[PDB]
Each structure stands twice: as C-alpha cells, then as structure tokens.
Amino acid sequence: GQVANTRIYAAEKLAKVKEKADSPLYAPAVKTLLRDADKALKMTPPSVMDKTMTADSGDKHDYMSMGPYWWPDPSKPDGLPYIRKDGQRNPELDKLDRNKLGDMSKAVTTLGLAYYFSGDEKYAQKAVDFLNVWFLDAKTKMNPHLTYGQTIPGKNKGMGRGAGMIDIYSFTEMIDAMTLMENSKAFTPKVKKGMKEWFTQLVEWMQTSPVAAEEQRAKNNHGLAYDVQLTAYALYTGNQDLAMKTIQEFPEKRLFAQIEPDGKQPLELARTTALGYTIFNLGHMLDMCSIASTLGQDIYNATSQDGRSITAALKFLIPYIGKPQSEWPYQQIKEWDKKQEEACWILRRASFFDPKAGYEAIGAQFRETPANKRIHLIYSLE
C-alpha cells in the first residue's frame, strides 16, 4: 500500500497501476516493459571512456558532447567553423558521449520500472551495474559537471556552453526510477550514497559554473528546463530550500516570461520544429507542475496579471491537435505525426491538473497509441 516518493511520476497513480499490473488494462504494457528490461540485461554498460576524443581539460572522465544542429560549412577549406541548421541533427555527435549517456539513462529507467512492477532483483542488479559504470567506478566514471557539454567545432574556443545542460534532462526521470528500486537488495546504501553525492556535486557545479550560468539565463526552453533539473536534483540531494525557492520563482522567471497572453511561446514558434518545441516546453512545464505538487505548490494554476499561464499555452495548441499540417502556420520540418501523438499525451497529463477542462476527451479523439506502449503505465487514469 506504499506510494513511492516520486517527483516527476505521479506516485499514487503509479502505485495503483503496479497493484493492477496483471489486470487486462495494464498487462500488455507490463509485458512489453519486462521485454524491454530483458533486452537491457543483455546490454554492456557504456561510459564516457568510450569516445575517441578528449575534452580540452585533457580529462577523458569529463563529459563531452557536440551541439546537435551544428555542421561543417562547405564554403570553408576544413569545414570550420561549424554552422547551424536548426532541427537537423549532425550524426557526428554519435562519436562523443551524448548517445551513450542516453542509452544508460533509458536503460536504468526501464530497469527501475521493471523492478517496481515485477520485484525481480535481476532488473535492479543490472540497473546498479549501469550506474556503477557510469557514475561511481573510478575506472569509468563521469565527472559531476558539464563544462564541455555541447562543444562545437571551431567555436567557443573548445569550451562547452550552457546548452549542454539539456543533455541530462532525462536524469529527472532516472531519479524516480532509482527511488522505485530503493528497497531492492542491489540498490544498497553504498550505491544510494554514491549517487546522492554525485548529484550533490552536480548541483554545486550548476550553482557556481559560468557554463551552467549560461543555461540559467537562457530565455527559452533551455532556461525553463534548467529550473526543472535544479529542482529535481535539489530534492534528490535533500536540499528542500533550494527546491522551494526555485519553484516559487518559476512562474515569474519562466512561465510569465515565455508564454504570451494568447498562449504563444514565441521563442519556440520561431523554430524549424515549432510544434515540437512548443510541446517540448509544455511537457517540461508539466514536469515542474508534478514536482511542485509534491511540495503542495500550485505551479499549474499560476496566472500572471495579464493572463499568462500553462492553461493559455495549452489553449493555443489545442485547435491544431488532430488537424492537418496545412492548418499549422509555423514550421515543422519533420516528425509531424510523432508530435501530434505527443500533443495527445500533453492533454492526458494536463487533465490530471484541470479535469473539468475536458482535455482527455479532446486527446482521446485522435490518440492512436497502442495499448502495450509504456506511456499508458506512466500517465494512466488511475
């Protein structure tokens, strides 16, 4: 009858889905989750040691990634400096740490959820192997900083930039997966202490680094995402005062700054994937609403004097959901169907906070997500 202390996942909902794992509603998704976890068992845990290049610190244990939208310039003899092509991801980024970090993060989340749903230690043990290799083992560990996040060839004098902070956004969810495994045997006090210390050092770095300062001051989805991460990592590390403060400042610093009275997010709508970025930012807003609700803080209903809110932002998007791209007057260069589907899940999540608005009935009209998809477990109607 225990509810886990999750901050992004809706905890009471998730406890009820677990209790009803074998019911007809959830059994197909649980089956698929355990198949995914079984594939993860076969994976070899990667590390920041796997990249062929080294950051300009000379320390291979420093995380290094490349700005995904930055490409060689064909008008220059050696392609340098790189130039930006918004929305087009340069596959060279695969040489560096970003995708390995993603595989790890996704594997631990999969494994923690599989453990929660099954109680099978093999899932928790493999998760702990991933975490040891990535975070804790002297041989392979990532240092708790992103000084060299999103380097760009030929630019920024070999240094990272604040934008690289977005690379670890999935840690917000990974922390909830680790909480779900806390009572496993593999997830020991030593491992829990190790992880809390790594996140403690990361937060100290976020609070003092000039590189992290760049992300904190970002005006768009990067800034909003920074606060969500700072909050989640502060809570994980026991720093409730920093969490409370970041939450309390979030409507003025982020929501009211980035959302217009008519719901437009102009900095996202200017992008080549304007629908995708509008949804990216909304999903992170809803992540903050969820964290905040655990501390009794009502971010979802925070409303400016001139009418700016998450409700306004949703109201702007809704008329485009389920409609052809001909009806959308901004760019969306790719992933049209994928982002329409994600919009239906934004509606599911918003319905948790404003049931009366009828968001779920709007999304149910168009949503085609197969019954065995994990998302049904995580944003259920419990």
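When you see a residue number, it is the position in the sequence shown, counting from 1.
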| query | finding |
| --- | --- |
| Stretch with the greater mean C-alpha B-factor as recorded in the entry, comparing 58 to 66 against 349 to 357 | 349 to 357 |
| Residue range whose averaged C-alpha B-factor is higher in the record, 328 to 336 or 310 to 318 | 328 to 336 |
| From 286, 175, 107, 242, residue of greatest CA B-factor | 242 |
| Given 196, 141, 98, 84, the residue at which the Cα B factor reaches its maximum | 196 |
| Third of chain Cα B-factors occupied by residue 161 | lowest |
| Ranked C-alpha temperature factor of residue 293 among modelled chain residues, by third | highest |
| Record-listed C-alpha B factor of residue 132: chain third | middle |
| Among modelled residues of the same chain, the CA temperature factor third for residue 209 | lowest |
| For residue 119, the third of its chain into which the C-alpha B factor falls | highest |
